[PDB]
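First, one chain by itself in structure tokens, the form deposited in one PDB entry.
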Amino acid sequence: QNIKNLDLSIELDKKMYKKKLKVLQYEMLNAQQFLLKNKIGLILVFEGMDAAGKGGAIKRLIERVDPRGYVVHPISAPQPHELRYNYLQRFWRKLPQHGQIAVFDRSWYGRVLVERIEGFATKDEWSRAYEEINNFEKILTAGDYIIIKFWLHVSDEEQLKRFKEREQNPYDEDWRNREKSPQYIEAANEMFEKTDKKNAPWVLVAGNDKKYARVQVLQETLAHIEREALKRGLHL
């Protein structure tokens, strides 16, 4: 079982980042062509602390991928029109077709994160959601979908630095939520305990160094895809 206490947030990567980044981004383009020809859809989930580096990691991963074959979804907490359905319906509507890629910047795991800590979901709802989500991902992965989920983590000091830099780049609740970091760590740990499956693994990425985090996201995506290619008897 994975827990945030096991991640070394001091891990760093130098300027060999340019080399590995180029190699891995072209490898990601190759993976896209493999997925398209074999009609296997790909689902990438990104969770983590605010400003942990989810957007930059996503962009580095899809930089060399053909945009005609992906959609990156920014997910917020359910709004009234979304609350007219079961909480997974919005995600079934956004599923990639076989062979396509869907990226979820935050995802259905909001059910056991912000909705749990803020009380949008009752104790019964979030407590049963682990098994419900395992079932959702299992129905998908028993067919022609691959699922992998990343949790990007940063220290409170690195997060504060990035908060300070973001308000100066003009391109609230977040400062309040920074105060609830221990609760989010506990909720994420329970999430790792109950939904880290061989068919849909969790990868914990220490994100203080953005370059290391981006390369790790790439490495884990490609390794998981490669394992699935081997398990299906296909050539990558």
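Only residues modelled in both forms are compared. Heads up: residue numbers just count along the shown sequence, starting at 1. For clarity, a rigid core is taken as the largest C-alpha set superposing within 1.5 Å between two forms.
Note that the form deposited in another entry isn't included here; everything after this is about it.
The rigid-core alignment places the CA of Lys22 less than 2 Å apart between this form and the one not shown. With the core superposed, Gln219 shows a C-alpha displacement below 2 Å between this form and the one not shown. Core-superposed comparison between this form and the one not shown: the CA of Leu6 exceeds or equals a 2 Å shift. Cα of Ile10 to Cα of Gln25: at least 3 Å shorter in that other deposited form than in the shown structure. Relative to what is shown, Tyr212 and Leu6 are closer in that other deposited form; their C-alpha atoms differ in spacing by at least 3 Å. Against the superposed rigid core, the only consecutive-residue run (3 or more long) showing CA movement of at least 2 Å between this form and the one not shown spans 1-16.
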